[PDB]
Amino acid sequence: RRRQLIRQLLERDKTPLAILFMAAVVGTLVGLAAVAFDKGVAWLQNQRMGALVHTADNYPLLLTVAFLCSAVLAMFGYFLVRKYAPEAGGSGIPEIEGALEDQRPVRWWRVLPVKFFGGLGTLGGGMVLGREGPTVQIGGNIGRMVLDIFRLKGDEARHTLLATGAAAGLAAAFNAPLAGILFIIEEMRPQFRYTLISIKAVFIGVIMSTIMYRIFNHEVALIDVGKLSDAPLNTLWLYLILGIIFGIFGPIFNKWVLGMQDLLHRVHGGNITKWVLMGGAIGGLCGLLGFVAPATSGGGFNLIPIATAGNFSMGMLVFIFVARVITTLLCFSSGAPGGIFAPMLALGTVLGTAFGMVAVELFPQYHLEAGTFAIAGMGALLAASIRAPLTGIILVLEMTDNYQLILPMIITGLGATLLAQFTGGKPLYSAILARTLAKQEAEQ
C-alpha cells in the first residue's frame, strides 16, 4: 500500500469536471429555493399580522383569528407530510444523513413540494422551527434531482451532489457559507467509513447558493449583535464552566425531544386525522403565543440581539428559556416539517446571557459583559445536543462577527461536548436516524 499511496497522492484532488459543473447547478437551484422558501414564510407571517389588525379591537376575537390562522396553516403542513411524504416530517437532516449512508431514499418528486409547502405552513404559522430543516432536505433532494435528470453515474456524484445540496441548503438558511461546508464534513457525511465527497465541489455549490441569497437579501443581517468587548485570559474559566452547564443539559434536552416524540405519538397513534388535528392545536398555540408573548414562539432570531445587549431581566430570561423549551419540544417532536437546529441558537443565547448576568455581578473585577456569554452560549446547545461544535462555533462566528470571542466560544463548545459525552448523551440527528433505521427493521 506504499506504491498505491504514491499513485493516489499524485492523483489527489482531481474531481470529475461533470460533477464540478453540476455542483454549480445544484447550488444555484437550492439557493433560489431557500430564498423562495424564506420569502414565502415571511409573507404568511405578515398576512397573519395584518389579520390581527383587522380585528384589533375585539381581544377575544383577535385571540381567535390568531389561533385559527396558524392552526389552519399548521394542518396544511402536517397533512402534506402524512399524506404524500412522511420522510419530510421533522428536521430532514437525519433523512439526508441517511441518504448519504445509502440507507434512506431520496424521493425528490414528492419531498420537494411536500417539504417546501409543508414547511411553508408550519414556519409561516409561527411555529418554533427552523429553515435549515426544510432547506437542507430540500437542497439534498434538489441535488438528487439533477443527478437523475442528467443521469450522472458513480458513487462520487451521488454522494457529492447530495452533499453539496444540503451544504448549500444550510448556507442559504443562515447566509453562512463556511458553516454549511463545515456541516457536511463534520456531521452530514458518513461517519464510520470512507467516502468520495469532493470538498472542492461542495464549495462551488455553497458559493452559488450563498450568492443567490445575496441577490435577494443584501444589506440586512439575520442577527446584528454589534462589536462586543474582548475576553481577558483570566476570565476564560467562566466559559468552561458555562460549557459544562450546557454539557449536562444537552443530553437531558436530547432525551426530552426523543421522549416527546413518543408521548405525542400516542395522541394520534399514527392516524393521519388525529395528527393533523393535533398539529393545528400546536400551531395554533404558537400563533396565539406569537401575539401574547412573542418571545415564546417563532424562530427566535429576534430575541437574540435583545438578549445579548442585556435588555432582558433575569426573570424574563428564565421565562423565555423555560417557555421555549416547551414550545420547541411541542413543535419539533410533533413531527412537523421544520428543523430544531436554529431554535437551539435562541435557547443557547438566552441560557448564556443568563449566566453572564450572574457572572457580571459576582465579579465586577472582570469588567464583564453578559453579551459575551450569550455569544459563547449561542452555539453551545448545538454542541451539546447535536454534538457538532466546530459547525456551531463557525456558524455563530459567521452570524455574529465577534471573532475576539473565538476562544470563549471554542472553550464553551468543547465543554458542552465533553460533558455531553461524559454524561451519556448522544448526537440528536444520529440518534434519530438510528431510531428510524431501527423501526425499519422493527416492523419486520
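Residues carry their position along the shown sequence, with the first being 1.
Between the stretches 97-105 and 171-179, it is 97-105 that shows the larger average CA temperature factor.
46-54 and 401-409 differ in mean CA B-factor, and the higher of the two is recorded for 46-54. By the numbers in the PDB entry, the CA B factor is greatest at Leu63 among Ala36, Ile394, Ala376, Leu63. Taking the deposited Cα B-factors for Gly205, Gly226, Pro134, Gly154, the highest one is held by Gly154. Looking at the C-alpha B-factors along this chain, the one for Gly130 belongs to the lowest third. In this PDB entry, the Cα temperature factor of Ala383 sits in the middle third of its chain's modelled residues. Sort the modelled residues of the chain by CA B factor and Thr328 lands in the middle third. Among all modelled residues in this chain, the alpha-carbon of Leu418 has a temperature factor (C-alpha) in the middle third. Annotation for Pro337: C-alpha temperature factor in the middle third relative to the rest of the modelled chain, per the entry.
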